[PDB]
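Remarks on the structure that follows.
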Protein chains: 2
Amino acid sequence: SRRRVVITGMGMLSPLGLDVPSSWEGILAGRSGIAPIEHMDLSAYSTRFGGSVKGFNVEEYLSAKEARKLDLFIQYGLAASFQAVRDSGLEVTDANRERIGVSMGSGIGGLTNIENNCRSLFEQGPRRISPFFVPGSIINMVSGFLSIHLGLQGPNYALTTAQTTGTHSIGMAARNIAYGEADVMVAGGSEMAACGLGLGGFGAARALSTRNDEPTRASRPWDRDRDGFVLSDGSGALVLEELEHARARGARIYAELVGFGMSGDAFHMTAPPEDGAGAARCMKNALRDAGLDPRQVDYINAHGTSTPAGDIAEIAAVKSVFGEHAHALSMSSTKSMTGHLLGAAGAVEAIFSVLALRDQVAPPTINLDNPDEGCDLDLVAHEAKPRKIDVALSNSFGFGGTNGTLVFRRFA
Amino acid sequence: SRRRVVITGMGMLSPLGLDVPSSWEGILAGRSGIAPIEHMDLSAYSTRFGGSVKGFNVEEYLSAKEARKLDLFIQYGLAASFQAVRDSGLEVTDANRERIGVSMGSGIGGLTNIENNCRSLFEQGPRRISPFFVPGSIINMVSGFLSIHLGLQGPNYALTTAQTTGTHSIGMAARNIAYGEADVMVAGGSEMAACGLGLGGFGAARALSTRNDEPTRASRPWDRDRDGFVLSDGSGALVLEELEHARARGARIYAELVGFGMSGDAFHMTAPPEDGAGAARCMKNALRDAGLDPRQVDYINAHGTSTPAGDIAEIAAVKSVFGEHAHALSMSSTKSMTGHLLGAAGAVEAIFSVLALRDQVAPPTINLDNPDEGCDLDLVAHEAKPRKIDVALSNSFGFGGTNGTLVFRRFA
Ligand SMILES: CC(=O)Nc1cccc(NC(N)=O)c1
């Protein structure tokens with residue numbers, strides 16, 4: 001029967017730092033990780049900025065010989081995974097290696113690599129395609145390479161559910177442990193879609209902020225002057241662990257994962273429904289899964305992408321799920337500071353949600369100068385808000401009408 | 001305790017046919033779907049052949065306008081999914097739509113779309129990238145588009161575990177139903193990687209058969225003259241259904257899904273370990289999950305890719321799991337006929353495992369003219385073998401050492 005699941009380790013690369021504590025300090029100080037992109041010429045592009053990981057050194061983790069074969073999304077995935085496993089204190093042994101798996105996902109995976117090899121194919125010929133093209137680019141190889149490096153023989157898989165990937169990865173990993181398929185899972189996501197096809201593709205859909213002259217003010221969830229999301233890069237990994245297993249080894253427990261919801265919108269390939277009906281179904285699934293009264297929810301880490309339709313749909317969904325309690329909880333979008341890490345969004349945001357529980361503080365929504373029509377909740381505008389938080393919720397929504405909710409609470 | 005899961009609907013595109021009965025007819029006849037690839041310049045490539053879907057008419061499923069927005073891999077997934085649902089006779093209503101979900105996956109995703117958009121990007125710049133590039137290319141859009149078309153509001157996600165995708169998708173969909181998270185799931189996978197990037201990428205790793213002179217003899221699992229896998233395209237979808245729900249509406253039940261196994265090799269990025277230790281753990285996990293003794297297994301649909309290391313690893317693994325029963329079971333590779341559909345391999349091979357149960361026949365391993373050293377099992381060489389089949393296994397072993405096993409049993 002269903003076992004309980006706690007968080008014993010976390011790891012991160014974000015536009016705000018090369019680990020969790022450095023990223024969290026930026027979150028709490030309301031710092032932007034958004035800047036003009038330096039790693040390519042974007043003068044032909046309508047969007048020329050985003051949340052880059054600054055000063056990442058893959059040789060802190062892996063030999064340059066192996067790193068050369070791997071897309072940045074995999075490098076980012078392994079970095080955050082190695083941080084999480086070390087943060088857990090867990091020792092992999094012959095006695096437990098079959099009971100430790102990994103579920104690290106990505107929305108797009110190795111787009112930079114596929115682009116670079118596409119360039120080789122068209123400019124030279126197929127003889128110049130890397131022998132490492134396939135294993136160095138496909139989405140399941142964060143899970144693959146992590147298992148090879150650490151000797152993890154448990155369930156080994158990857159989700160790809162677009163901007164919901166991190167939330168789904170973590171939730172389904174928790175189910176694996178809940179149901180006895182594993183005692184430990186490394187789960188989250190990673191993304192590096194800042195290449196020509198990535199910025200060009202989101203640019204073609206007119207989905208991205210074009211505020212090139214003030215990139216730090218571009219991401220403004222629920223602000224009336226918002227004009228699309230800011231594309232960001234990085235990784236979040238969490239060590240999920242069966243409660244008694246964690247207790248038995250004296251693990252430090254950050255928080256308990258008590259609820260997981262999924263639901264499809266079945267509305268539109270890319271647009272959310274204005275009323276937030278799919279997000280509402282998903283949160284209600286997650287709160288019932290947690291055995292909670294919705295009034296127990298203190299803090300929501302919103303999806304909060306800074307799109308016109310997305311932001312308002314989320315207000316509608318929260319008001320519909322929480323009624324008058326929608327005015328008592330605190331909801332913020334850390335995307336105001338990090339931008340939108342796509343498949344890694346749910347992973348870093350799950351970590352920020354856990355850290356809101358540890359430090360009893362709601363992260364700010366920076367740049368919320370003029371809340372839009374109907375955006376009249378506590379959105380923690382401008383400055384972090386210290387407050388009681390026993391129960392934190394993290395929402396993700398994606399293309400395909402795919403929805404995910406994680407519910408975390410303090411563990412005593 | 002756990003709900004029982006049955007198969008009520010199947011759909012397929014393969015190199016053997018545009019549906020299940022045409023495909024299955026080819027399988028039992030020992031027909032190859034392998035031929036030189038047409039309408040594509042492979043002059044500079046070391047491999048010029050594979051398993052194409054011949055004569056696919058997407059307008060049987062979608063408007064020309066909707067189909068223009070979607071990669072072939074998505075078109076193929078949608079075709080299989082629509083066939084499977086139609087095959088199941090299921091009626092979606094307001095009363096059940098929240099209990100019907102989708103998990104359709106892909107190993108490699110939208111290479112053909114990425115290729116054509118790269119052409120435009122390098123030649124003319126980013127302003128010629130399609131607006132539908134991103135949603136028309138990402139792996140979760142088969143689940144997304146299917147959920148929107150049929151109004152499915154259940155769990156909506158997509159796996160990507162390389163050549164293990166289809167097996168994992170079906171297995172995890174079955175878990176969703178068993179543990180009460182859904183009553184119906186559409187699950188499987190699709191693949192169209194017969195582009196320059198697919199043929200080039202696998203060709204650069206020298207993973208492909210280069211037997212251009214006799215394409216139909218190229219895929220020869222366990223034969224001493226095999227020289228790598230044959231790249232194939234298509235889709236498999238199954239309607240998975242909770243038994244009481246199936247019985248209540250008078251569903252036709254093909255077979256019961258009784259066991260699902262996952263494992264990681266934690267060995268190498270593309271090669272299995274010689275003794276197939278990971279595949280052996282996976283199969284043991286699957287049988288434990290089914291509450292079955294290895295002696296009860298009658299038929300195994302092998303991974304059987306026709307790679308030197310892969311084929312021998314699977315023989316070691318079966319001999320280890322099945323001891324004195326290893327020769328009594330029949331094991332065949334339908335990849336001898338279909339080639340390797342990568343992420344859709346596990347989906348179409350699940351369907352072939354179910355039909356071996358329905359028709360009491362082991363499909364052949366064609367081209368097994370000279371079994372290699374140690375390949376002395378009943379590999380059903382050349383011709384289909386009528387026999388008793390109560391319990392059928394389907395194995396997938398993928399890049400990153402990710403393993404999947406499905407156990408199907410006769411239902412009456
Ligand atoms: C035709 C022949 O005799 N030899 C040969 C040798 C190397 C490369 C190729 N061409 C290729 N597309 O791989 C052909």
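Ordering of the structure tokens sets the chain letters (A, B, ...), residue numbers begin anew at 1 in every chain, and ligands are numbered from 1 in the order given.
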
### Message
For a quick test of understanding: name the residues of chain A lying within 6 Å of chain B when counting only C-alpha atoms, and present them as an NGL selection string.
### Response
:A and (126 or 131 or 133 or 140-141 or 144 or 147-148 or 151-161 or 200-201 or 204-205 or 262-264 or 266-267 or 400 or 402)

Writing out the chosen residues with N, CA, C and O atoms as a compact mmCIF listing (two decimals), in the first residue's frame:
```txt
# COMPACT_ATOMS: atom_id res chain seq x y z
N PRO A 126 26.73 14.25 -44.84
CA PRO A 126 26.41 13.39 -43.71
C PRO A 126 27.63 12.77 -43.02
O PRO A 126 27.50 12.34 -41.89
N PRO A 131 29.57 10.90 -34.51
CA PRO A 131 29.15 9.58 -34.03
C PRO A 131 28.36 9.62 -32.71
O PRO A 131 27.68 8.70 -32.42
N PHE A 133 26.07 12.02 -32.02
CA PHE A 133 24.86 12.82 -32.30
C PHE A 133 23.66 12.26 -31.51
O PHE A 133 23.01 13.04 -30.79
N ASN A 140 16.41 11.08 -23.09
CA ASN A 140 16.51 10.05 -22.02
C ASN A 140 17.96 9.90 -21.51
O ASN A 140 18.17 9.07 -20.60
N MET A 141 18.92 10.68 -22.01
CA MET A 141 20.35 10.39 -21.73
C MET A 141 20.84 11.19 -20.52
O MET A 141 21.98 10.91 -20.08
N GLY A 144 20.10 8.19 -18.46
CA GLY A 144 21.12 7.23 -18.91
C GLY A 144 22.48 7.53 -18.31
O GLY A 144 23.03 6.66 -17.62
N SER A 147 22.78 7.28 -14.44
CA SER A 147 22.76 5.86 -14.02
C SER A 147 24.15 5.24 -14.20
O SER A 147 24.60 4.55 -13.27
N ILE A 148 24.80 5.51 -15.34
CA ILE A 148 26.17 4.98 -15.69
C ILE A 148 27.19 5.54 -14.69
O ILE A 148 27.94 4.75 -14.10
N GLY A 151 25.88 4.29 -10.91
CA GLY A 151 25.50 2.86 -10.80
C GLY A 151 24.06 2.64 -10.35
O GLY A 151 23.83 1.66 -9.60
N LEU A 152 23.13 3.52 -10.78
CA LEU A 152 21.68 3.47 -10.44
C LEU A 152 21.02 2.45 -11.37
O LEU A 152 21.04 2.67 -12.57
N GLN A 153 20.49 1.37 -10.82
CA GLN A 153 19.93 0.27 -11.62
C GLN A 153 18.40 0.23 -11.46
O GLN A 153 17.80 -0.69 -12.00
N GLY A 154 17.82 1.17 -10.71
CA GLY A 154 16.35 1.29 -10.57
C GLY A 154 15.65 1.76 -11.85
O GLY A 154 16.26 1.92 -12.92
N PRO A 155 14.32 2.03 -11.80
CA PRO A 155 13.60 2.51 -12.97
C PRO A 155 14.33 3.70 -13.59
O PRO A 155 14.67 4.66 -12.90
N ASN A 156 14.52 3.62 -14.90
CA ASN A 156 15.32 4.58 -15.68
C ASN A 156 14.49 5.09 -16.84
O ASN A 156 14.24 4.32 -17.77
N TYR A 157 14.06 6.34 -16.79
CA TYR A 157 13.17 6.89 -17.84
C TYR A 157 13.23 8.41 -17.88
O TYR A 157 13.89 9.06 -17.04
N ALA A 158 12.53 8.97 -18.86
CA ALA A 158 12.44 10.44 -19.02
C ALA A 158 11.04 10.80 -19.53
O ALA A 158 10.51 10.07 -20.37
N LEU A 159 10.48 11.89 -19.01
CA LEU A 159 9.21 12.48 -19.52
C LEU A 159 9.58 13.64 -20.44
O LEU A 159 10.66 14.24 -20.26
N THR A 160 8.74 13.87 -21.44
CA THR A 160 8.78 15.10 -22.24
C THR A 160 7.34 15.56 -22.39
O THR A 160 6.60 14.93 -23.16
N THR A 161 6.95 16.58 -21.61
CA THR A 161 5.58 17.15 -21.59
C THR A 161 5.76 18.67 -21.63
O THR A 161 5.10 19.37 -20.86
N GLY A 200 14.29 31.30 -32.67
CA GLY A 200 13.58 31.48 -33.95
C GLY A 200 12.20 30.87 -33.89
O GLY A 200 11.26 31.50 -34.36
N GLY A 201 12.09 29.66 -33.34
CA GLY A 201 10.83 28.90 -33.31
C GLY A 201 9.80 29.56 -32.40
O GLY A 201 8.68 29.76 -32.85
N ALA A 204 8.85 32.88 -34.04
CA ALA A 204 7.91 32.64 -35.16
C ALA A 204 6.48 32.56 -34.63
O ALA A 204 5.59 33.00 -35.35
N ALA A 205 6.28 31.99 -33.44
CA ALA A 205 4.95 31.81 -32.80
C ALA A 205 4.53 33.10 -32.09
O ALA A 205 3.40 33.15 -31.59
N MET A 262 -2.24 15.55 -12.25
CA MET A 262 -2.18 15.72 -13.70
C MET A 262 -3.62 15.84 -14.19
O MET A 262 -4.53 15.26 -13.55
N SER A 263 -3.80 16.58 -15.27
CA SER A 263 -5.06 16.65 -16.04
C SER A 263 -4.69 17.21 -17.40
O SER A 263 -3.76 18.02 -17.43
N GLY A 264 -5.38 16.81 -18.46
CA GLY A 264 -5.31 17.49 -19.76
C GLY A 264 -6.42 18.51 -19.89
O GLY A 264 -7.51 18.25 -19.39
N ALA A 266 -7.51 19.41 -22.95
CA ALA A 266 -8.21 18.98 -24.17
C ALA A 266 -8.82 20.22 -24.84
O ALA A 266 -9.89 20.09 -25.42
N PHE A 267 -8.19 21.38 -24.70
CA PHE A 267 -8.68 22.67 -25.23
C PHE A 267 -7.96 23.02 -26.55
O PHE A 267 -8.60 23.03 -27.60
N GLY A 400 -0.15 21.22 -25.57
CA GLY A 400 -0.92 19.96 -25.59
C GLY A 400 -1.98 19.95 -24.51
O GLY A 400 -2.65 18.91 -24.36
N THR A 402 -1.41 20.10 -21.31
CA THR A 402 -0.85 19.21 -20.26
C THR A 402 -0.62 20.01 -18.97
O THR A 402 0.09 21.03 -19.04
```

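With only C-alpha atoms and all ligand atoms as the atoms that count, the minimum distance from ligand 1 to the choices B:271, B:4, B:79, B:41 is reached by B:41.
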
### Message
Using DSSP assignments from the backbone, pull out every residue in range 115-201 of chain B that falls under alpha helix (DSSP H) and give it to me as a ChimeraX atom specification.
### Response
/B:115-124,141-150,165-178,196-201

Only N, CA, C and O atoms, please: the residues just picked out, written as a compact mmCIF listing (two decimals), in the first residue's frame.
```txt
# COMPACT_ATOMS: atom_id res chain seq x y z
N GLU B 115 14.98 19.28 -39.44
CA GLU B 115 15.77 19.25 -40.70
C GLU B 115 15.28 20.33 -41.66
O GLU B 115 16.10 21.15 -42.10
N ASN B 116 13.99 20.32 -42.00
CA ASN B 116 13.41 21.24 -43.01
C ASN B 116 13.46 22.67 -42.46
O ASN B 116 13.66 23.58 -43.26
N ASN B 117 13.30 22.87 -41.15
CA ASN B 117 13.31 24.24 -40.58
C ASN B 117 14.74 24.77 -40.52
O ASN B 117 14.91 26.01 -40.61
N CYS B 118 15.71 23.87 -40.38
CA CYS B 118 17.17 24.16 -40.44
C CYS B 118 17.57 24.64 -41.83
O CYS B 118 18.34 25.61 -41.91
N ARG B 119 17.11 23.93 -42.86
CA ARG B 119 17.24 24.33 -44.28
C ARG B 119 16.89 25.82 -44.38
O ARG B 119 17.81 26.61 -44.65
N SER B 120 15.65 26.19 -44.05
CA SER B 120 15.14 27.59 -44.07
C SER B 120 16.02 28.52 -43.19
O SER B 120 16.34 29.63 -43.66
N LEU B 121 16.38 28.12 -41.97
CA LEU B 121 17.12 28.99 -41.02
C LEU B 121 18.49 29.41 -41.58
O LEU B 121 18.86 30.59 -41.41
N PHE B 122 19.25 28.45 -42.11
CA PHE B 122 20.64 28.65 -42.60
C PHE B 122 20.60 29.38 -43.95
O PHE B 122 21.45 30.24 -44.20
N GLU B 123 19.65 29.01 -44.80
CA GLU B 123 19.53 29.55 -46.17
C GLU B 123 19.05 31.01 -46.14
O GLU B 123 19.70 31.85 -46.79
N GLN B 124 17.97 31.28 -45.39
CA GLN B 124 17.16 32.52 -45.50
C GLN B 124 17.04 33.27 -44.16
O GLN B 124 16.54 34.41 -44.19
N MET B 141 3.05 16.06 -28.35
CA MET B 141 1.94 16.58 -29.19
C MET B 141 1.07 15.44 -29.73
O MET B 141 -0.06 15.76 -30.17
N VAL B 142 1.53 14.18 -29.74
CA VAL B 142 0.62 13.06 -30.08
C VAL B 142 -0.40 12.95 -28.94
O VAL B 142 -1.62 12.92 -29.22
N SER B 143 0.06 12.92 -27.69
CA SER B 143 -0.82 12.91 -26.50
C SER B 143 -1.68 14.18 -26.50
O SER B 143 -2.89 14.07 -26.31
N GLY B 144 -1.07 15.34 -26.75
CA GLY B 144 -1.77 16.63 -26.74
C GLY B 144 -2.86 16.67 -27.80
O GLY B 144 -4.01 16.94 -27.46
N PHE B 145 -2.53 16.38 -29.06
CA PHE B 145 -3.51 16.49 -30.17
C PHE B 145 -4.60 15.42 -29.95
O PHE B 145 -5.79 15.71 -30.18
N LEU B 146 -4.23 14.23 -29.48
CA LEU B 146 -5.23 13.15 -29.32
C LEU B 146 -6.23 13.60 -28.26
O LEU B 146 -7.45 13.52 -28.50
N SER B 147 -5.72 14.08 -27.12
CA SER B 147 -6.55 14.55 -25.98
C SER B 147 -7.50 15.67 -26.46
O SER B 147 -8.68 15.63 -26.07
N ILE B 148 -7.01 16.61 -27.27
CA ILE B 148 -7.86 17.73 -27.80
C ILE B 148 -8.91 17.15 -28.76
O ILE B 148 -10.10 17.46 -28.60
N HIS B 149 -8.51 16.30 -29.71
CA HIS B 149 -9.44 15.77 -30.73
C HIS B 149 -10.60 15.01 -30.04
O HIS B 149 -11.74 15.20 -30.47
N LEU B 150 -10.32 14.19 -29.01
CA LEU B 150 -11.33 13.27 -28.43
C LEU B 150 -11.85 13.83 -27.10
O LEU B 150 -12.72 13.22 -26.53
N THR B 165 10.95 3.36 -25.42
CA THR B 165 9.78 4.28 -25.31
C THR B 165 8.46 3.50 -25.34
O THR B 165 7.68 3.63 -24.38
N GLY B 166 8.19 2.73 -26.39
CA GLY B 166 6.86 2.12 -26.56
C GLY B 166 6.52 1.16 -25.42
O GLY B 166 5.32 1.06 -25.04
N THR B 167 7.49 0.39 -24.94
CA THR B 167 7.31 -0.59 -23.83
C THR B 167 7.03 0.18 -22.53
O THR B 167 6.06 -0.14 -21.82
N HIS B 168 7.87 1.17 -22.21
CA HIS B 168 7.68 2.02 -21.01
C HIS B 168 6.31 2.71 -21.07
O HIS B 168 5.63 2.74 -20.04
N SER B 169 5.95 3.31 -22.21
CA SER B 169 4.66 4.05 -22.35
C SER B 169 3.50 3.14 -21.93
O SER B 169 2.66 3.56 -21.14
N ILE B 170 3.43 1.95 -22.50
CA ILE B 170 2.34 0.96 -22.28
C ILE B 170 2.36 0.51 -20.81
O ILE B 170 1.31 0.49 -20.17
N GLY B 171 3.54 0.21 -20.28
CA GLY B 171 3.71 -0.25 -18.90
C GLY B 171 3.27 0.77 -17.88
O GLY B 171 2.55 0.40 -16.93
N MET B 172 3.68 2.03 -18.05
CA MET B 172 3.35 3.12 -17.09
C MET B 172 1.88 3.53 -17.23
O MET B 172 1.29 3.94 -16.22
N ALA B 173 1.31 3.41 -18.44
CA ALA B 173 -0.14 3.64 -18.68
C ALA B 173 -0.93 2.58 -17.90
O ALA B 173 -1.90 2.92 -17.21
N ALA B 174 -0.46 1.34 -17.95
CA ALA B 174 -1.07 0.20 -17.23
C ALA B 174 -1.01 0.47 -15.73
O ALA B 174 -2.01 0.23 -15.08
N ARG B 175 0.10 0.98 -15.20
CA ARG B 175 0.22 1.38 -13.77
C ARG B 175 -0.87 2.43 -13.44
O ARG B 175 -1.54 2.29 -12.38
N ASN B 176 -1.07 3.42 -14.31
CA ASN B 176 -2.04 4.51 -14.08
C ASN B 176 -3.40 3.87 -13.77
O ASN B 176 -4.06 4.30 -12.82
N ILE B 177 -3.77 2.84 -14.53
CA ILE B 177 -5.10 2.20 -14.44
C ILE B 177 -5.12 1.31 -13.19
O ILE B 177 -6.09 1.39 -12.43
N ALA B 178 -4.07 0.53 -12.98
CA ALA B 178 -3.97 -0.46 -11.88
C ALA B 178 -4.16 0.26 -10.54
O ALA B 178 -4.86 -0.28 -9.65
N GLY B 196 17.95 12.60 -42.98
CA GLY B 196 19.42 12.67 -43.04
C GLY B 196 20.00 12.54 -41.65
O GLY B 196 21.01 11.85 -41.47
N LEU B 197 19.36 13.17 -40.67
CA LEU B 197 19.89 13.21 -39.29
C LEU B 197 19.83 11.81 -38.68
O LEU B 197 20.83 11.40 -38.09
N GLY B 198 18.74 11.09 -38.88
CA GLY B 198 18.56 9.72 -38.36
C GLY B 198 19.52 8.76 -39.03
O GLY B 198 20.36 8.16 -38.33
N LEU B 199 19.44 8.66 -40.35
CA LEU B 199 20.33 7.77 -41.15
C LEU B 199 21.79 8.18 -40.95
O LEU B 199 22.61 7.29 -40.75
N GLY B 200 22.07 9.49 -40.94
CA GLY B 200 23.43 10.03 -40.77
C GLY B 200 23.98 9.76 -39.38
O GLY B 200 25.11 9.25 -39.28
N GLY B 201 23.19 10.12 -38.36
CA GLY B 201 23.53 9.99 -36.93
C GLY B 201 23.85 8.56 -36.55
O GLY B 201 24.92 8.33 -35.97
```

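When CA of residue 350 in chain A is paired with CA of residue 279 in chain A, their separation reads 16.6 Å.
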
Would you mind writing down, as a PDB file with C-alpha atoms, in the first residue's frame, each residue of range 143-293 of chain B that DSSP on the backbone assigns to strand (DSSP E)?
```pdb
ATOM      1  CA  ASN B 156      -1.746  13.421 -20.389  1.00  0.00           C
ATOM      2  CA  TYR B 157       2.015  12.756 -20.792  1.00  0.00           C
ATOM      3  CA  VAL B 184      -8.650   4.017 -19.840  1.00  0.00           C
ATOM      4  CA  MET B 185      -5.272   4.944 -21.372  1.00  0.00           C
ATOM      5  CA  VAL B 186      -4.108   5.161 -25.031  1.00  0.00           C
ATOM      6  CA  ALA B 187      -0.406   4.182 -24.943  1.00  0.00           C
ATOM      7  CA  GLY B 188       2.478   3.336 -27.276  1.00  0.00           C
ATOM      8  CA  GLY B 189       4.803   5.331 -29.496  1.00  0.00           C
ATOM      9  CA  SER B 190       5.661   6.564 -32.981  1.00  0.00           C
ATOM     10  CA  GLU B 191       8.852   7.287 -34.914  1.00  0.00           C
ATOM     11  CA  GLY B 234       5.678   3.855 -37.908  1.00  0.00           C
ATOM     12  CA  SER B 235       3.487   3.670 -34.782  1.00  0.00           C
ATOM     13  CA  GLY B 236       1.697   1.403 -32.291  1.00  0.00           C
ATOM     14  CA  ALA B 237      -1.146   2.380 -29.913  1.00  0.00           C
ATOM     15  CA  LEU B 238      -3.062   0.173 -27.455  1.00  0.00           C
ATOM     16  CA  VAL B 239      -6.277   0.961 -25.612  1.00  0.00           C
ATOM     17  CA  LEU B 240      -5.576  -0.158 -22.024  1.00  0.00           C
ATOM     18  CA  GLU B 241      -8.711  -0.564 -19.865  1.00  0.00           C
ATOM     19  CA  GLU B 242      -9.551  -1.591 -16.278  1.00  0.00           C
ATOM     20  CA  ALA B 255      -5.460 -10.176 -23.652  1.00  0.00           C
ATOM     21  CA  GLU B 256      -4.507  -9.053 -20.114  1.00  0.00           C
ATOM     22  CA  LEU B 257      -1.417  -6.963 -19.233  1.00  0.00           C
ATOM     23  CA  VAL B 258      -0.312  -8.787 -15.978  1.00  0.00           C
ATOM     24  CA  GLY B 259       3.389  -7.662 -15.583  1.00  0.00           C
ATOM     25  CA  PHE B 260       5.618  -4.606 -16.201  1.00  0.00           C
ATOM     26  CA  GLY B 261       9.393  -4.528 -15.535  1.00  0.00           C
ATOM     27  CA  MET B 262      11.896  -1.627 -15.690  1.00  0.00           C
ATOM     28  CA  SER B 263      15.675  -1.666 -14.944  1.00  0.00           C
ATOM     29  CA  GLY B 264      18.862   0.266 -15.713  1.00  0.00           C
TER      30      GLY B 264
END
```

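Relative to CA of residue 277 in chain B, CA of residue 374 in chain B is found at 16.3 Å.
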
### Message
Would you pick out the contacts of residue 75 in chain B at 9 Å or less, using only C-alpha atoms, so that residues sharing its chain but fewer than 4 positions from it are not included, and give the list as number ranges by chain?
### Response
B: 58, 61-62, 67, 70-71, 79-80, 142, 190

### Query
Can you list, as a PyMOL selection string, every protein, DNA or RNA residue that comes within 9 Å of residue 392 in chain A when you count only C-alpha atoms, leaving out same-chain residues fewer than 5 positions away?
chain A and resi 297-301+353-354+356-357+406-410

Save out the residues we just selected, N, CA, C and O atoms, as a short mmCIF file (atom, residue, chain, number, x, y, z; two decimals), in the first residue's frame.
```
data_model
loop_
_atom_site.label_atom_id
_atom_site.label_comp_id
_atom_site.auth_asym_id
_atom_site.auth_seq_id
_atom_site.Cartn_x
_atom_site.Cartn_y
_atom_site.Cartn_z
N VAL A 297 -3.59 25.56 2.05
CA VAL A 297 -2.58 26.06 1.08
C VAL A 297 -2.18 27.49 1.46
O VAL A 297 -3.05 28.36 1.44
N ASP A 298 -0.89 27.69 1.75
CA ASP A 298 -0.33 29.00 2.20
C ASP A 298 0.35 29.70 1.04
O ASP A 298 0.26 30.93 0.95
N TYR A 299 1.04 28.94 0.18
CA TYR A 299 1.91 29.51 -0.88
C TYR A 299 1.73 28.71 -2.17
O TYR A 299 1.78 27.45 -2.17
N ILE A 300 1.55 29.44 -3.27
CA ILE A 300 1.54 28.86 -4.63
C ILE A 300 2.71 29.45 -5.42
O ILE A 300 2.77 30.68 -5.55
N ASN A 301 3.61 28.59 -5.89
CA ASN A 301 4.57 28.94 -6.97
C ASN A 301 3.84 28.75 -8.30
O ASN A 301 3.64 27.58 -8.73
N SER A 353 9.81 26.09 -4.06
CA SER A 353 8.60 25.79 -3.24
C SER A 353 9.05 25.13 -1.93
O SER A 353 8.55 25.52 -0.84
N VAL A 354 9.97 24.17 -2.02
CA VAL A 354 10.53 23.48 -0.83
C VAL A 354 11.29 24.51 0.01
O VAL A 354 11.15 24.47 1.25
N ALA A 356 10.82 27.84 0.11
CA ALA A 356 9.76 28.68 0.74
C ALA A 356 9.28 28.01 2.05
O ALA A 356 9.12 28.73 3.06
N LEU A 357 9.12 26.67 2.07
CA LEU A 357 8.72 25.92 3.28
C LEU A 357 9.86 25.97 4.32
O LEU A 357 9.52 26.21 5.48
N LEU A 406 2.21 19.90 -7.96
CA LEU A 406 2.90 19.25 -6.82
C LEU A 406 2.48 19.96 -5.54
O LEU A 406 2.43 21.21 -5.54
N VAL A 407 2.21 19.18 -4.50
CA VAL A 407 1.88 19.69 -3.14
C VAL A 407 2.94 19.19 -2.15
O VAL A 407 3.18 17.97 -2.04
N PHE A 408 3.57 20.14 -1.49
CA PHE A 408 4.64 19.93 -0.50
C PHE A 408 4.12 20.47 0.82
O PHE A 408 3.33 21.44 0.77
N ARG A 409 4.54 19.87 1.93
CA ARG A 409 4.29 20.44 3.27
C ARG A 409 5.52 20.20 4.15
O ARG A 409 6.34 19.36 3.81
N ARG A 410 5.65 21.01 5.20
CA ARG A 410 6.66 20.85 6.27
C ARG A 410 6.57 19.44 6.85
O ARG A 410 5.44 18.92 7.06
#
```

### Query
Pick from B:212, B:32, B:360, B:52: nearest to ligand 1, with only C-alpha atoms and all ligand atoms counted?
B:212
